[PDB]
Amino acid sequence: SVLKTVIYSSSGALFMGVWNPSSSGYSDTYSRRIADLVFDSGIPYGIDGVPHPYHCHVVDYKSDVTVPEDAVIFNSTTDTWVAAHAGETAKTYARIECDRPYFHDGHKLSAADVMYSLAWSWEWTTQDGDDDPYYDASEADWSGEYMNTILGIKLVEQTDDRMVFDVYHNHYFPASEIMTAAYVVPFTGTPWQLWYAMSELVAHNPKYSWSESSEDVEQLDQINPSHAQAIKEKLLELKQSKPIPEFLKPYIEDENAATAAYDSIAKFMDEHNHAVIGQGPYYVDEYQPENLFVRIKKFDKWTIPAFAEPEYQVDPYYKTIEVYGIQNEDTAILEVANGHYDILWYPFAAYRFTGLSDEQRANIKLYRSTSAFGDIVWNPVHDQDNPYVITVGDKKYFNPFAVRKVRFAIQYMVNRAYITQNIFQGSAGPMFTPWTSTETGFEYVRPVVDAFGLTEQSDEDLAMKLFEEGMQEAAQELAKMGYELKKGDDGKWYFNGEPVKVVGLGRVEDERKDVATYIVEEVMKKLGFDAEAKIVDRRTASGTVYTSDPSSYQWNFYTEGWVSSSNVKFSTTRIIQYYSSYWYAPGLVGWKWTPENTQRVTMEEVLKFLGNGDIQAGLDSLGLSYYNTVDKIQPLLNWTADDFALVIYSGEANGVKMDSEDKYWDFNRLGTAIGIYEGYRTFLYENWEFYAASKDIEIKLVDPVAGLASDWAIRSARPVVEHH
């Protein structure tokens, strides 16, 4: 049985990210779609938007429990397990039971794989001395605060088919017990021996990075055949010199079996020309980058995970799944409509599904996608000693988007109705924050949008008034430092006698090229800048914006697209992902908009703007449930989006606890009010798109907002049986 699938590709690239188990791995929807069939989560999100038991389930949950002396964390200075938090109160205790699937090379997953995974996170998030080679600045930003909430873990028991763990942590999510009890999932998708080899390769070979790509640095990629060769060499070196790391010896049943797994892993890598080993239902059989082609095959040792509920007890039918990269949308659609491929595994706008015959339409079924959206990210980079200037070698540039009021003005300059009705031909809706109109939170953060008077039509008078104030303030501060910023008689801005230049990146694959053109011609040029749209593909955009330092100043804005692969009832990541300095700020690598690097908007400043000087009037504008008085807001007045990000994501920040649902929603509202005012991202639109699949395929589990991007769809796909 063969399933033929299409992923929309660029001319040269199927993937926009890399296959690696760090937090910098699987950044993109293209790799993640495939990876979510190769790897199983312990407690995955379901199509209803909450976590569900699968490989793992919660056996016991209590709050406010003493951490015992046999619950450990990994100390990265000594590389030893220490009960560093014994005697503290843990907000959360959870006993979690796991099954033990087989990895794709053939050996069974064990508690050593789980403990390696956690040690790796504790190790690579901390710089243990100024020259620690086992450190990644991106990983620290991604995961550091998460790892700080973990007070201790204990292996209670391991049998041939079960693992039991006691977990102690400080996360309490007030609207969901399972999100509280399963905040730390004692499970992993990668065999420790392979991860050990990758860690040793990245630590000691400057050519390889978990997170970074540049001229002499490649971000580690398990599907890259060349990367796989380097990983295999390191793996076979470690098998001889140090097969079992000291810290893992307490967690290994059998040192001979652990040593033999090195050979099992190497033999798989030899057969398949890659390093991708998971414990999911499909193994990666072959990658042909020159053909934009992937083959994955059903793993004959995979079984329905022990704790799957009935809806998720699906046994993936298809023995082989072929993935074809196709670079033209119309061609992709016609190939599925004419029956040459089974699933169009990337969604397109309604207007692309036009012109099909009654027969072509009868041959397909459509599944909605309403979980994708688009925004502009600005590069606000500047020198430590100068808020408005960036030094690149011998040249100094004025960065207009380092001025808060310039970024804020653009919220009102853009005409989102024009973008949605013209560029997306009516197949998108105006969007102002990171919640789409098909998410639970939409009406909870809407009052923030109304507090700012934001509409689908532009307000160019307000935007021009804010822009001109921002530039006047900038020109005056720069004058005191000996720099001249002046509007010429030609209506253009000059900095030290030269035109202010900005470069916008759009995307060759889709309507984002037209978004970039719109921003360059109808915003940048209208504000008096020399502006240019550079149109690039996935790989270039990823490498320029996300995996290299924005200090190079080689882009000023980028047309971002984001997609959820799952329905999510309660997001804990919107503020940290989009507004905070922790994650994409603007990219994952090098300079970010941290309070150490740049001045950051505070809650008080936004409340004063929204209330025309009166704090209470500002709070009233935001529809708050708990933090709705001057007296209650007092401890939050100096918070930045980073504080809101952290209290939502980790459960606590600066001693303030997220201990009610009212507070969760207020933190999102207040976080979003800062995010709009600060204007590092200008949200534009939510996309309304469609997946297509053969009428002869039944898909039982369809995510109502993510459609076929959810691995539950292809896990649940099977031939129609009919005798009509």
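In case it trips you up, residue 1 is the first one in the sequence shown, and so on.
Between 210-218 and 312-320 (mean CA B-factor, as deposited), the higher:
Per the PDB entry, the higher value belongs to 210-218.
Can you tell me which stretch has the higher mean Cα B-factor, 485-493 or 601-609?
Between 485-493 and 601-609, it is 485-493 that shows the higher mean C-alpha B-factor.
At the C-alpha atoms, which of 337, 531, 292, 381 reaches the highest B-factor in this entry?
Answer for 337, 531, 292, 381: 531, with the highest C-alpha B-factor.
Looking at 139, 157, 537, 560, which has the biggest Cα B factor in the entry?
Top of the list by C-alpha B-factor: 157.
Using the B-factor values recorded in the entry, state whether the Cα atom of residue 655 falls in the lowest, middle or highest third among the modelled residues of its chain.
As the PDB entry reports it, the C-alpha B-factor of residue 655 lands in the highest third of its chain.
Split the chain's modelled residues into thirds by Cα B-factor; is residue 33 in the lowest, middle or highest one?
It falls in the middle third of the chain.
Select lowest, middle or highest to describe the third in which the CA B-factor of residue 7 falls within its chain in this entry.
Lowest third, going by the recorded CA B-factors of the chain.
Should residue 243 be placed in the lowest, middle or highest third of its chain by the C-alpha B factor in the entry?
Highest third, going by the recorded CA B-factors of the chain.
Hey, what third does residue 621 fall into on Cα B-factor, ranked over its chain?
Middle third, going by the recorded CA B-factors of the chain.
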